[PDB]
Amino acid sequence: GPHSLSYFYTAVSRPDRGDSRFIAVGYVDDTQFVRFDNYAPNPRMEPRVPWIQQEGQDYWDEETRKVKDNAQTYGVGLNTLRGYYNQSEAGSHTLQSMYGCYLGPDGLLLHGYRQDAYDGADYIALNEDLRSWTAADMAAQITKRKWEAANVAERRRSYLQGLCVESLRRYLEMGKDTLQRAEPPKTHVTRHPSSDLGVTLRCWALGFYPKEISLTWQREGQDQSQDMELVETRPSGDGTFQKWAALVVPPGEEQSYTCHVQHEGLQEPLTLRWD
């Protein structure tokens, strides 16, 4: 509902050879806008949508600076967490972070977050009040005490409340023609007679944005939604998304089943059938 800006950091350790790969991606809602990779020679913060090229080179230099520095913080942090868990230097390990802000009716911050995972598992998270931490295990209590005593919460809070939402507003203005348009699903139902007599009905939703959508199948006699084969929501390749939900129905009974499509790009919910 409210717009958001987020960054996704992935740091991977290299077995017994001291470096660490750092990958960062920037999103405004469900649209990737920036990227950074320190495998590249002379790594830089690079744009990955047309609109962010509105920003001049001052922006790109500064952001490049800050994600290079962040990148070495994550290298050290990898070696530290490997310390806490008493792991060897022969295996590769992963340190991930995601953080971001949602812009509220005020022009201010609705809510914001910062979460950290080690080897794919929850490690530490900032709480809703932006003044306290939640440690996922024994080691994250070490990190937690450290971060309370140093008031790291106020660094992430002043960022979320200040720079994060201000930049979010600017980015929403720059890409006004793409980021503020919710695009509804184009929908239709296909029919596949296939199991001697069972017929497969497949309800498609293509071309929509943002990501979140709901598709369910309903049968005329029953209040609960039907069992269905549902694919994970997937990118179209052009900035939109797509999904389908299918089920097998007895031959001749297709008009008992309805597909229900909910998306915030639609005026009201959509009912659709094999016509």
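In this text, residue numbers run from 1 along the sequence as written.
The stretch with the higher mean CA B factor, choosing between 189 to 197 and 68 to 76, is 189 to 197.
Mean CA B-factor, 4 to 12 versus 266 to 274: the higher value falls on 266 to 274.
When the C-alpha B-factors of 182, 205, 125, 139 are ranked from the entry, the top spot goes to 182.
Among 118, 113, 85, 133, the highest C-alpha B-factor recorded in the PDB entry belongs to 85. The PDB entry assigns residue 174 a C-alpha temperature factor belonging to the highest third of its chain's modelled residues.
In this PDB entry, residue 149 carries a Cα temperature factor that places it within the middle third of its chain's modelled residues. Ranked against the other modelled residues of its chain, the C-alpha B-factor of residue 41 as given in the entry falls in the highest third. Among all modelled residues in this chain, the alpha-carbon of residue 221 has a temperature factor (C-alpha) in the highest third. The PDB entry assigns residue 101 a C-alpha temperature factor belonging to the middle third of its chain's modelled residues.
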